[PDB]
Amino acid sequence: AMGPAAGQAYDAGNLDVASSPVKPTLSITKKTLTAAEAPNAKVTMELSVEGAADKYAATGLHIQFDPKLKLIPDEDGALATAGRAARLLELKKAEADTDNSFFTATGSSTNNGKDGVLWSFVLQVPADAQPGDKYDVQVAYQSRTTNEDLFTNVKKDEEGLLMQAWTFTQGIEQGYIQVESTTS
């Protein structure tokens, strides 16, 4: 399903975005919980990459979530952990942003990003969660001078610019945690 990042519209300028040779999809877990397990559930969520293996390296990705959810750092204090998609990338970091968002960044000397799970992280569902409740978890974009939102290759050539424009305008599959609705 084609869609943009949340937040501010990406400026693709005069690029013919739909001609992008590389068309990444970034997707976040769509998790359904039983009403029984939902309250206070600590849910493992994944940001994944498809369609970009061997074509990227430099990423800057802000993940934002329903303010009722809480980001749970792990036993080392890490906000997220890089997955198999990032296994060859030389630089990987996850860091605080706002009370309902965090920032991730990767880099490398060659385009050795892969498909698969880029980042894994844990969000906790509130104690009052009810059947039907849905909490969105999203990649968000805005224009920045530091911690830029990026998804591109080491040279940032035309192919890198096009794949980035594709990613943020059409290649985002947003996720959520939702509580199963009562069956009848």
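Position 1 is the first residue in the sequence shown; the rest follow in order.
As listed in the deposited structure, the average C-alpha B-factor of 30-38 and of 44-52 is greater for 30-38. When 54-62 is weighed against 129-137, 129-137 comes out higher, by mean CA B-factor as recorded in the entry.
When the modelled residues of the chain are ordered by their C-alpha B factor, residue 101 lands in the middle third. In this PDB entry, the Cα temperature factor of residue 158 sits in the top third of its chain's modelled residues, the highest group. Remark: residue 83 belongs to the middle third of its chain, ranked by C-alpha B-factor as recorded. In this PDB entry, residue 6 carries a Cα temperature factor that places it within the middle third of its chain's modelled residues.
Among the modelled residues of its chain, residue 170 has a C-alpha B-factor that falls in the lowest third, as given in the PDB entry.
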